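Asker: Model the structure of this input:
(chains A, B, C and D)
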Amino acid sequence: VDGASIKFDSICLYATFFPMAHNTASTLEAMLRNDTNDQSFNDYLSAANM
Amino acid sequence: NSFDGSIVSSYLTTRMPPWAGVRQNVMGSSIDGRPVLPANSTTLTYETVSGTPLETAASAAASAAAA
Amino acid sequence: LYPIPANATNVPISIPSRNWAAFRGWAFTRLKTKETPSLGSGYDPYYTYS
Amino acid sequence: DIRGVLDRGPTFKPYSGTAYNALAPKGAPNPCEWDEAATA
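Answerer: Numbering: from 1, shown residues only, chains lettered A, B, ... in the order given. Please see the structure below:
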């Protein structure tokens, strides 16, 4: 009602890579592609809001 | 200045660093023609984003609120 | 020789890296500029002092 | 990374109190002139 308005101009994604040595990077990739070394997660709240 | 007759450049000079605003201090200009103050000006210490155009006057929003 | 401008008070110098085998010490003195002729060239028309 | 223009409208006001003549008494009127019909 008070006419406070917003206007997005542009958006660019940024990311940062650890300059891992290529041999170690490849070894780490081969490790994490294993079936058993999968990555798990859980939401901190863990809940089902109603 | 009583006609200092010394060699105009006796000290060692250092290669000009290649980036913006260090070659010389002259009244510059924007991309679209706005004047730019010299490199060693005080007013260039901080940053002035100076995005001028706000969003269009939301009179349509006022009418929508009324309706 | 090193130039010392008028009313001055520090003169710094340097020699770039070299080997210093068999060095045997420094020795320095100060001369009036208009009293030192420009040796090394055939004839200096700016040596107006006798 | 997001950049753009944001307008807060007339109602944005981060300072409590006023900005002009803050010391002045709140009832004191500025030097003014006005009309006043009267017959004597």
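
Asker: how about stretch C:1-13, does it reach chain B?
Answerer: Yes - in terms of C-beta under 8 Å from any C-beta of the partner chain, part of stretch C:1-13 sits within range of chain B, namely C:3, C:5-6. C-betas here are computed from N, CA, C, even on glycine.

Asker: Just the buried residues of those residues.
Answerer: Taking 16 or more other C-beta atoms under 10 Å in any protein chain shown as the criterion, nothing in the residues of stretch C:1-13 next to chain B is buried.

Asker: Just give me the closest of those to residue A:47.
Answerer: Using C-beta to C-beta, residue C:5 is the member of the residues of stretch C:1-13 next to chain B that sits closest to residue A:47, with 78.6 Å.

Asker: now do the same end-to-end measure for stretch B:44-55.
Answerer: By C-alpha to C-alpha, to the nearest Å, the extent of stretch B:44-55 from end to end equals 27 Å.

Asker: To clarify, my last question referred to stretch A:28-36.
Answerer: Between the start and the finish of stretch A:28-36 there is a gap of 14 Å, counting by C-alpha to C-alpha.

Asker: Quick one: name the residues of chain B near chain A.
Answerer: Of all the residues in chain B, those in contact range of chain A (C-beta under 8 Å from any C-beta) are B:51, B:54-59, B:61-62, B:65.

Asker: So which of these are in helices?
Answerer: Judged by DSSP state H, the residues of chain B next to chain A include B:59, B:61-62, B:65 as members of helices.

Asker: So which of those wins on neighbours?
Answerer: When neighbours are counted by other C-beta atoms under 10 Å in any protein chain shown, residue B:61 leads these with 17 neighbours.

Asker: show me what contacts that residue?
Answerer: Contacts here follow C-beta atoms under 8 Å, 6 or more residues apart in numbering or on different chains; on that basis residue B:61 touches A:1, A:3, A:5.

Asker: and what of residue C:4?
Answerer: With contact taken as C-beta under 8 Å, 6+ apart, residue C:4 is in contact with C:11, C:30, C:33.

Asker: what kind of secondary structure is it in?
Answerer: The three-state assignment at residue C:4 reads coil, by DSSP: H, G, I helix; E, B strand; the rest coil.

Asker: Mind jotting down where the helices sit in chain A?
Answerer: So, for chain A - with DSSP H - the helices run A:22-32.

Asker: Residue of it nearest chain C, please.
Answerer: With C-beta to the nearest C-beta as the measure, the residue in chain A that lies nearest chain C is residue A:19; the distance is 33.3 Å.
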